[PDB]
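Spelled out, the chains give:
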Amino acid sequence: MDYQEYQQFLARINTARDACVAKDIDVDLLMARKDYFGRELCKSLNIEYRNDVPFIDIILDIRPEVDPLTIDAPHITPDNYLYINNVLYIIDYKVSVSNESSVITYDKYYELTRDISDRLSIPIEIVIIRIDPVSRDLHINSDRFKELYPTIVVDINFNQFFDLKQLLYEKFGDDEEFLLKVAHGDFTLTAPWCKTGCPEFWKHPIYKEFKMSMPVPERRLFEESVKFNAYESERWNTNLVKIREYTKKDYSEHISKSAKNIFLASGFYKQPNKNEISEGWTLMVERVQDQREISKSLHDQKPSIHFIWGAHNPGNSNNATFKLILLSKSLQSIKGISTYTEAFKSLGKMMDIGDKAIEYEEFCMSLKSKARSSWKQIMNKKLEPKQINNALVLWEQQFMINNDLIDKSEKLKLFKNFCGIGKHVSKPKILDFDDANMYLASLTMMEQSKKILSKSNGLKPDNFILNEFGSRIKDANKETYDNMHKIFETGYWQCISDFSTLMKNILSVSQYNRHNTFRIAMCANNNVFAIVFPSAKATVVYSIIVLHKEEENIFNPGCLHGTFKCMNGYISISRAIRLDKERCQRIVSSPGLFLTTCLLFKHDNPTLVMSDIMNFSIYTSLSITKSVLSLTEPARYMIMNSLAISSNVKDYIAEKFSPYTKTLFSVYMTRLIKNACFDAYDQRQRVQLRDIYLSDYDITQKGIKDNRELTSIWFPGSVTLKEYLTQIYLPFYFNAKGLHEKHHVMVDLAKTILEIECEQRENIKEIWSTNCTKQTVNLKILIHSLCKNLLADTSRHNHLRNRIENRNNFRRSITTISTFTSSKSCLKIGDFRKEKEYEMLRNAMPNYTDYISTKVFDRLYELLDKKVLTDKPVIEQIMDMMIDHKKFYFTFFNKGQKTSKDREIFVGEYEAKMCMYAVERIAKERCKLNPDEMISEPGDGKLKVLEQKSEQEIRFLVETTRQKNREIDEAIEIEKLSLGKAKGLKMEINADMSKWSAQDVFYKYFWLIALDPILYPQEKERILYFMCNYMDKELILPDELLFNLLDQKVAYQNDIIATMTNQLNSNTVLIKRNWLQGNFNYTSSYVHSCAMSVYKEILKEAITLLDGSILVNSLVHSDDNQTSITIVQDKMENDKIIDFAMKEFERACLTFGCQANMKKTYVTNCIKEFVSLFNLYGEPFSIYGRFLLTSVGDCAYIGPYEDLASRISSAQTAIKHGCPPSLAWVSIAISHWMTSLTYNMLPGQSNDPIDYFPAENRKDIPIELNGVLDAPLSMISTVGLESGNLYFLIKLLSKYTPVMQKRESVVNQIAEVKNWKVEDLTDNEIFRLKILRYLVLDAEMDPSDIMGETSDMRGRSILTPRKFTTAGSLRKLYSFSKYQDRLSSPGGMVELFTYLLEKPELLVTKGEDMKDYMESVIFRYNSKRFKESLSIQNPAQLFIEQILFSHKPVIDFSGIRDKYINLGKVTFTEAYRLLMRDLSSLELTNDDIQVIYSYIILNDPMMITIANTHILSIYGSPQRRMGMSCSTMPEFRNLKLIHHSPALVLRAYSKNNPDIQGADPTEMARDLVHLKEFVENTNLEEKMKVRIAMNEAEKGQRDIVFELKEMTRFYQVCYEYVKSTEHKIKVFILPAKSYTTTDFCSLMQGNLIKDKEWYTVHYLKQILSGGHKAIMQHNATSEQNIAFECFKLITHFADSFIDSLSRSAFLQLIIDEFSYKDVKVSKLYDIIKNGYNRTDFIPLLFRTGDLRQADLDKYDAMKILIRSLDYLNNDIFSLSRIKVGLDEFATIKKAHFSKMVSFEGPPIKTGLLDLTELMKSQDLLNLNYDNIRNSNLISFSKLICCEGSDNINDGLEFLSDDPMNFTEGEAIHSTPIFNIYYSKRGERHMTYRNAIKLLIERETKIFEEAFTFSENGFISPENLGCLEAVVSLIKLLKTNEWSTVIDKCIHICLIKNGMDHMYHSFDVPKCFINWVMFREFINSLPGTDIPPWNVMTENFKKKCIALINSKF
RNA sequence: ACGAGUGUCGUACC
RNA sequence: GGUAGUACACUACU
RNA sequence: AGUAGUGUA
Ligand SMILES: [Mg+2]
Ligand SMILES: [Zn+2]
């Protein structure tokens, strides 16, 4: 941890050049890690630190009286010992990831100490403390030791040692001897998976083709390699080395040629520019005109928004019946003649209620009351229309189509030519997007929309989002709050809210619409209506009707049918719209999308116009068509390529960009993109980089400058680069998934697949070539690279085969693998004609391969039941299937993604799944070792990897450039020399691969299989036979696609499908070279990595020819490549290098069969983009807008709480990806609004709970009771929706704890709960506490409990609606048929249930046996929810059903009442009322409050830590986020009590045998003991037994299913208790790098409070608590950390800012009276003295005496006499630094000065400076000399306490005169130009005192000339009289900080001028209490306009005038 | 009419 | 020409 | 363990 020791290790690594000493380096590194952990553990435990203390020594120490030689002490050396309570504990520190060494050392030490334990009559305990370096989880075996130490708070980081190990291994990676020397064990191969290999593989036609393709020597080499057995051979790498040596000549020749190409390359690469963009645009428009039908008519446009809107009418009433009457009258009174005017008038007559409004209301109310009285739908009773006036009414807003009221001809005209009901190869018609008239029409449309919608609403901006989240959003960003207020005031919000409400009403009324009825939908607007036409994927037909007084005052986005005159104005009818419920639901959610988009685009940008942003967002948010889809996604490639250094944007536009402009908005956005391309080319040079700050240990202040110089894209303004990237990339997420149509997408996907297959069949005939032919692989280079990479990878780890089998469950059963037991679909081949009934297709097409789709688990059940599969180890069965399954069949379906063209998705059969599983797991485990591979990297860690690569490339650039240009810089401190100096080049190739799986040479994987060392020859033969049979796979065409292709009746021109299928005579097509998408990810990625390694070699050699330095980092996921190249050379310009690098990148991709997408491949100098993730310049960046937009996404629609928890997930992910707090809060508000809208809980609505509960606002109601979340954003991110209860409890603590403990730790504050008075609690608090006590917890719980259930062990759902829903067909499931047979079997259920009781662990864990699996599969069918999931369900239909059933009795209140002490289903409102009634009778007591606190907070260490962070937080100096970084969330529960896996522990507990398969005998015993203790102390077994007994007695018969359910919850709780370290991968973008839990919490809290700036957070006490997950914590930690921080801060502050002489007196004075963090510093000093950590404060102790020479001896042991020390420190006056020897220096570690604000004490008055305020000073404590000398007199005036000082020179004497540090910045001279700033030791003239002197002189001169009221000067007697007047004035009035700072500044000026005597003699002038003339004088004050004091003097005068006027 | 489409579709049926 | 089972939301500062 | 959702390729 020590930085000097880190430097020492770095020097050892750098200077080392022998692999024999690198082992010494690594061993020393491991010892340093162990000793560091031991020292930190001893500090935490507060025990004296020892290492390898002799056992005889410890025996003598514990028993000095006994004579030595009484017994031979064992030679073992314990790390440390501890003797308390007559028990000796032998402690051993271990820093390992495993327990093998721990257990063997435990056994050895125990055996060797038994004899001494018996003799000396002392029990000896062997305690092994083990820490896991990668996840800091502590493991302790001795429970007695853990009893001694209840809280162990070891919080340390091992990242430094990992970095050194990585540096050593990368330096000596090329040395195979070093790898062998550091290898663990030898090369070991497990037992062969198969006993025999395929003999028919050699006869396979595919193998014959491959063999004939290869030349003869390669055929021989392939046969030898596949027939090679590593275990039999003397060396495993015998054949690998032979092949590598054979191919070395060709490999070296290829590398040398490719390197020689650098000279032949010119400087001209594919630069994007305006000419290329224009030519590409011309080619694109030509291609689009050829492929489409271009229309120049505006009347051919399609609706941009399927809606028309008009402002409301304040004069008219908003009652529903009045609106209906008004609509009927307006429809009837249409004047004029038109096509449908008579139909509209007839409809208005049909809906004419007349004057019988009361009768209509009564009829509708009676119907609704009848409907709502039943949980189920009312059946068998027919609704009969009632005639009211001329209206035949069936329901509210439902009317008959009366044949008498409408002519038949008019009715058919309307229904067919208008609504399309009863209605009934050319090119798709699209508008001309390049036509000037068409673009002018689009501009006119957008201008009209802006004009109509920019006006004010005229109504209150009050709404749910604002009311419930305005405070949070305002505190986060007042500007965001103001933007929201403006948005809600404008008319865009009213229009989109009206459209959403109206569309929800349309969806509600369309469910029960009949064929002869039409519905009327109404919204809050009294002028906007909807008429829903009859309808039967369900569709909705609606027409929007708008009433407006003035014509042309309507908002028409190309949806209007016509505007007609009526009574009292005009009526406008929109054209009929037919939409899918999926698009309708998006429209309903659209307000959230609109608000999110507007706030994202406007955030932190004053140069943008909110009107323009909303004008764009209203169209993108409501876009539900493919027209905008065709533009959003290609825009990324177009604009990003244009900004790039090298890109083929011209070819991209010409060949791929295909705008689909069916709408005027699409035309407008096409023009926007076109302009943005040229602008992006023009403005690529305005990107600038921040000044890098390098500390040589970490990088801070890195990235890209924030200057708004780039032009905005979609709307006028200026943006930063980050905002520009957001504007480029966010629009892709405006698209909607599932917009495609199955018919067309199946046709296109089949066409693409068959076209690729046909092209491969015809054109592609060569497999191996040397000239980089398309779809061809260079054989020699491939083989050589594969050999090299395989050698390196398998040399890295010696047990690769064992690791594969262990991690992939190869040795375990088939039923224990998730991918083989899932509910995903799989293909089944065979005769299934009966189930499928299709008949016509079967008869008409002979060669039809019959197939059916089934679930994976069902297929596994079938194969197990038919004995095709067994429960033997899975790998043996997999290889058996590799031989048996000769024919592979696949089918495909469309993904339905959000891109313009859908993606084909392939489904395979079970045997193919298993074979590919084996191959892919082998490839995966070899990819894990390779650093370049990125699929093996867990998700979201790729951001951290990108950051690390960028940081090391920055460091390499700086170091290499400085090292090379040292000579030139020395010569400078010449222009000709500067010309010839070396320059740095940085290159980022963000690349894409074209047709990764479609066009790939599958033969290159044969070599990967054959050259693999870890496989046996028989395994290789079987796998190669599988691959050969895979290359003969057949694609089964889908039945629906075949149906449509057979129902055409007109022959297609060139039907590729018919050609490939023999004129539709077969449904199967043979696919050979296209390994199917997604099946061979790891293998393809490995070969991609090998290709990039060859590229790296080529680049390194080529740069070697240039005598330069290069660093190449390549990241490869599957087909997405991120290659960054850093070059520092001087021979040639950068253009030649860029051209050469790009040409060789393309050539290297083509060499290995890959093909880079040059259209989508672009080169940048700074920006990295690997997988939707960006690294701007060392600084991580991500588009969190996608997570922000997914806040309104679909959910399970289970209930109000379940729905909310799903969307808070998206909010939290957005927070993790860098979303600012205000936008995160907006997303949370939108999620709450969406849920409340779904369940009709919005304010004022029926299910709104605010009235029924004692709460002022919905923040007071619990989430489970339908409140809104109220908690800090850091809490929401960390604990995740438990934050509601946590925040409520913390607020209760902060409100009711006594003042003495108010600033104590959470455990102490909870211990003080017994003193609470329950009578003082408010009604809301009482209600919430009762809810927590009785609804969340159990009545049996007692405050005396020591262990209890954690919040993760219990659910939170209370009010969940129930639905009467049919299960579905489920006919095709063989397992379901077996389950039905078993159910119909006599009593089979009792046996199956009995088996599940006998093996209860099967309920929660996977079974390890076929019988166990088959029983579980049969059992799951009992649960209704599983069957519902099995049936396909539409989320759109579920959402509408939840809306409709909101008033029906759905809540089962019996279950809720069963929760507390001791009917029919109930509605939401009645449930609220009943819950309040039930809770009224219950009582609450201090005992109950203690139970709540103990069971909610004291259980979880994470909950305790979060509560401590909230209570004890101190917020420091604000600062702008300069350089961000990634940091993963650490583990909050470090202590581990269970070692074994939870499944194994549960299996052992179900039985009583600690000895289980795969379970360590003795290790499982303690886990079983712990689990039994947990069960007994929580009384789970007793509670379950009592519950089942009571239920059995109540029912009268044994409810066996109830017993199963009880066992399920019991084992669920047991599983949650015994769950081990999950170690989730959760990374965060944070202002700084965090290493420990406290650092992470500080960074989270400081980052998630304000949008503008982030704060430094330190904690008053120690936040972390040492405890276990389910054990109560009643012990708080010590204050030693506070003492350490205090005295480190004190020593270093005194050294830095105090003169050498005054330092000791300063220390003594501050020790005597001051206090740190509410703790007296004398007490902290006593803690340090009377403690076992005194070697960290040797200089501090020396200055205060102490030492006693024991500390010096201990320090020497860590590596010196007292008098020698005293003599040596004669010249040194440093409090923090002392010299024990002539060169040895004992020092105290530094602490950040931001914590100095925690010191409180009496003033330290010396000279005129009061040092207390200096410690409290914020500006003047900075270490940099420049920053100190450049501070202001406003800050400096705080330190002035003169009381009669004459000279500032003697006043400032009490300041440090040692040299300070200053930041010197230098340029780098690289193609991306940037400056690095590094602090360096300054010379003598720059000291703290000198900086203060310069500050004083400059600022006082400025202030003097600012306040020379008289012309003579500052010292003139008249000016002095004016100063006397002003000081008397300010003394006479109330003190203000303006007055104080002005007084201090004038005082310091007078001290400089030596006017102090009169200053202290200032009094009221004799000419002056005439307040009138004081006012006259101050109003006559000649205030100057000097800029710093201009605002200051005016404010001071104004405040004085206001105060003196308020006085009178 | 609307959704989709350089694949004949959905658009309630006999 | 005839046929076309199918119980309910919003109801508002507008 | 099952189910749902989201992001990624
Ligand atoms: Mg990419
Ligand atoms: Zn003074």
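What the entry reports as its method is cryo-EM, with 2.9 Å given for the resolution.

The name given to chain A in the PDB entry is La Crosse virus polymerase, with La Crosse orthobunyavirus as the source organism. The UniProt entry for chain A carries the following comment under Catalytic activity: "RNA(n) + a ribonucleoside 5'-triphosphate = RNA(n+1) + diphosphate". Comment text from UniProt for chain A, heading Subunit, reads "Homomultimer (By similarity). Interacts with the glycoprotein N; this interaction allows efficient polymerase packaging into virus particles (By similarity). Interacts with nucleoprotein N (By similarity)."

### Comments concerning helix 3 (residues 55–62)
An α-helix turns once every 3.6 residues. As a result, residues three or four positions apart point the same way. Looking at helix 3, one finds that the buried residues are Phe 55, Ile 58, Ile 59 and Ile 62. Seen along its axis, helix 3 keeps its buried residues to an arc of 100°; they face one direction. Its buried side turned inward, helix 3 meets strand 1 (80–84), strand 2 (87–95) and helix 4 (100–119).

### With respect to the sheet that holds strand 27 (residues 1068–1070)
Judged by pairing direction, the sheet is mixed, and its 4 strands sit side by side in the order 24-23-26-27 without closing on themselves. Each edge of the open sheet is held by one strand with a lone partner, namely strand 24 (904–908) and strand 27. Averaged over all pairs of adjacent strands, the angle between their axes in this sheet comes to 35°, without regard to strand direction. Two elements, strand 23 (residues 889–894) and strand 24, share 5 bridges in a ladder whose sense is antiparallel. Across the sheet, residue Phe 892 finds its bridge partner in strand 24, namely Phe 906. Running at roughly 135° to strand 23, helix 27 (residues 742–762) makes contact with strand 23, strand 24, strand 26 (1034–1036) and strand 27 of the sheet.

### Observations concerning the protein's contact with RNA strand B
Of all residues adjacent to RNA strand B, which total 40 residues, the nearest are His 306, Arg 578, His 744, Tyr 1052 and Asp 1055. Atoms of RNA strand B within 4 Å of the protein belong to the sugar or the phosphate in 60% of instances, the rest to bases. Within the contact set of RNA strand B, a sugar or linking oxygen lies 2.7 Å away from a backbone nitrogen or oxygen of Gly 420. At 3.0 Å from a sugar or linking oxygen of RNA strand B is found a side-chain nitrogen or oxygen belonging to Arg 583. Those elements giving two or more residues to the surface near RNA strand B turn out to be helix 15 (408–418) and helix 27. Here the residues of the surface near RNA strand B are counted per class, giving 14 nonpolar, 11 polar and 15 charged.

### Remarks on the protein's contact with RNA strand C
Neighbouring RNA strand C are 47 residues; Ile 378, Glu 396, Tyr 512, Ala 524 and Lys 1448 lie closest to it. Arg 372 is positioned such that a nitrogen or oxygen atom in its side chain is 2.9 Å from a phosphate oxygen of RNA strand C. A distance of 2.9 Å is found between a sugar or linking oxygen of RNA strand C and a side-chain nitrogen or oxygen belonging to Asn 526. For the surface near RNA strand C, the secondary structure elements donating two or more residues are helix 12 (320–332), helix 14 (357–372), helix 19 (491–509), strand 10 (517–522) and helix 54 (1435–1444). Broken down by element, the residue count for the surface near RNA strand C peaks at 6 residues, all from helix 19. Across the surface near RNA strand C, the residue classes tally to 16 nonpolar, 18 polar and 13 charged.

### Quick word on the packing of helix 41 (residues 1081–1105) against helix 42 (residues 1134–1151)
Relative orientation of the contacting elements helix 41 and helix 42 amounts to 150°, with a least axis distance of 9 Å. The orientation of helix 41 with respect to helix 42, classified from their angle, is roughly antiparallel. Two packed elements cross with a definite hand, and for helix 41 against helix 42 that hand is right-handed. For the pair helix 41 and helix 42, contact is made by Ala 1091, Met 1092, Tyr 1095, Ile 1098, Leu 1099 and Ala 1102 and by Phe 1140, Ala 1141, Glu 1144, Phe 1145 and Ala 1148, respectively.

### What to know about helix 12
Over its 13 residues, helix 12 extends 18 Å from the first C-alpha to the last, a length consistent with the 18 Å expected when each residue adds 1.5 Å. Inspection of helix 12 places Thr 321, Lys 323, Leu 324, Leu 327, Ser 328, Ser 330, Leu 331 and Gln 332 among the buried residues, and these make up the whole buried set.

### Let's talk about the sheet that holds strand 1
Here 5 strands make up an open sheet; going across it, the order is 1-2-3-4-37 and the pairing mixed. In this open sheet, the two edge strands, each paired with only one partner strand, are strand 1 and strand 37 (1535–1536). Sheet strands in contact with helix 4 are strand 2 and strand 3 (124–131), and its direction is about 165° off that of strand 3.

### Here's the deal with the side chain of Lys 602
Topologically, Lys 602 is positioned in helix 20 (residues 581–602). Despite its burial, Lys 602 pairs with no opposite charge, the nearest such side chain being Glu 479 at 8.6 Å. Within the structure, the side chain of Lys 602 is placed 2.7 Å from the backbone oxygen of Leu 608, a separation counted as a polar contact. For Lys 602, the residues in contact, after removing those within four places along its chain, are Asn 483, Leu 608, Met 610 and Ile 613.

### Thoughts on the coordination of the zinc ion (ligand 2)
Coordination of the zinc ion (ligand 2) by the protein is provided by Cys 1842 (SG), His 1947 (NE2), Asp 1956 (OD) and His 1960 (NE2), with metal-donor distances spanning 1.8 to 2.5 Å. One can describe the site at the zinc ion (ligand 2) as irregular: its 4 donor atoms subtend angles covering 73 to 150° at the metal. All donors to the zinc ion (ligand 2) come from one chain, and their sequence spacing reads C-x104-H-x8-D-x3-H. Taken together, the residues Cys 1842 in the loop between helix 72 (1833–1836) and helix 73 (1848–1851) and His 1960 in helix 77 (residues 1956–1960) connect sequence positions 118 residues apart. You can call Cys 1842 buried: its relative accessible area is 8%.

### A short note on the pairing of strand 38 (residues 1627–1630)
The alternating pattern of strand 38 places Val 1627 and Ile 1629 on one face and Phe 1628 and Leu 1630 on the opposite face, and all of these are buried. Pairing analysis gives 4 bridges linking strand 36 (residues 1525–1528) to strand 38, with the strands arranged antiparallel. What sits directly across from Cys 1526, in strand 38, is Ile 1629.

### Describing the nonpolar core
One finds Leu 595, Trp 714 and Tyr 1493 to be the most contacted residues of the largest nonpolar core, which totals 223 residues. Residue contributions to this core peak at 11 residues, all from helix 25 (residues 664–682). Not counting residues within four places of it along the chain, the set of residues in contact with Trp 714 comprises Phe 601, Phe 616, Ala 635, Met 669, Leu 672, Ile 673, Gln 727 and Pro 731.

### Focus on the UniProt feature "domain: RdRp catalytic" in chain A
Listed under "domain: RdRp catalytic" in the UniProt record, and renumbered for this structure, are residues 974–1162. Structurally, residues 974–1162 comprises 44% helix and 19% strand, and the distance from its first C-alpha atom to its last is 38 Å.

### Some words on the packing of aromatic side chains
On inspection of all chains with the given rule, the structure shows 98 aromatic pairs. Ring geometry for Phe 1697 and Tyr 1888: centres 4.8 Å apart, planes at 50°, overall tilted. This pair shows no difference in class: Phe 1697 is buried, exactly as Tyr 1888 is.

### Here's the deal with the state of the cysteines
What the rule picks out here adds up to 0 disulfides. Here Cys 198 stays free of any disulfide, with the sulfur of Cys 194 as its closest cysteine sulfur at 8.0 Å.

### Things to note about the pattern of salt bridges
Enumeration according to the criterion identifies 95 salt bridges in this entry. The salt bridge involving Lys 986 is made with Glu 988; its shortest N-O contact spans 3.2 Å. Each member of the pair, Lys 986 together with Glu 988, is buried. Within the structure, one salt-bridge network assembled from shared partners comprises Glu 479, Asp 604, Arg 708, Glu 723 and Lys 1652.

### Observations regarding unusual backbone geometry
Of note, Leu 1747 is a non-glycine position whose phi angle comes to about 70°, a positive value. Here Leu 1747 lies in the loop between helix 67 (1738–1743) and helix 68 (1750–1758). Judged by relative accessible area, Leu 1747 falls into the buried class, the value being 3%. With a phi close to 50°, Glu 1843 is a non-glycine residue in the positive phi region. One can find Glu 1843 in the loop between helix 72 and helix 73. With a relative accessible area of 72%, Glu 1843 lands in the exposed category.

### A word on the side chain of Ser 142
For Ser 142, the location among the structural elements is in the loop between strand 4 (138–140) and helix 5 (143–148). Judged by its relative accessible area of 7%, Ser 142 is buried. Setting aside anything within four residues of it in sequence, one finds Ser 142 in contact with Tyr 89, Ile 126 and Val 127.

### Some remarks on a positive patch on the surface
Together, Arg 1362, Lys 1424, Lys 1605 and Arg 1609 make up a region of like positive charge exposed at the surface. Note on placement: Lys 1424 falls in helix 53 (residues 1424–1430).

Rules behind the numbers
- Residues numbered from 1 in each chain as written, not as in the entry; some residues may be left out.
- Chains lettered and ligands numbered in written order.
- Part of a larger assembly, values for the part shown.
- Heavy atoms only, no water.
- UniProt positions renumbered as here; feature names shortened; annotations may be inferred.
- Buried < 20%, exposed > 50% of the residue type's maximum accessible area, 1.4 Å probe, protein only.
- Helix = DSSP H or I, 4+ residues; strand = E, 2+ residues; numbered from the N terminus.
- Arc of directions from axis to C-beta.
- Contact = heavy atoms within 4.5 Å.
- Pairing = 2+ DSSP bridges.
- Axes fitted to C-alpha atoms, helices over the stretch in contact; angles between N-to-C directions.
- Near = heavy atom within 4 Å.
- Polar contact = N/O pair within 3.5 Å; in protein donor to acceptor, adjacent residues only side chain to side chain.
- Nonpolar A, V, L, I, M, F, W, Y, C, P; charged D, E, K, R; others polar.
- Parallel < 35°, antiparallel > 145°, perpendicular 65-115°, else oblique.
- Left-handed = near helix turned anticlockwise from the far one by under 90°.
- Expected span 1.5 Å × (residues − 1).
- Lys, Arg positive; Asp, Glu negative; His and termini not counted.
- Salt bridge = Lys/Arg side-chain N within 4 Å of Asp/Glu carboxyl O.
- Donors = N, O, S within 2.8 Å, 3.2 Å for Na, K, Ca; no water.
- Tetrahedral: all angles 85-135°; square planar, octahedral: opposite > 155°, others 65-115°.
- Core = buried A, V, L, I, M, F, W, Y, C linked by side-chain atoms within 4.5 Å.
- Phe/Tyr/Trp six-rings, centres within 6.5 Å; stacked < 30°, edge-to-face > 60°.
- Disulfide = S-S within 2.5 Å.
- Patch = residues over 30% accessible without salt bridge, like charges linked within 9 Å, V, L, I, M, F, W, Y side chains within 5 Å.
- Areas by Shrake-Rupley, 256 points an atom, 1.4 Å probe, with all protein chains shown as cover.
- Charge placed at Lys NZ, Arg CZ, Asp CG, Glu CD.

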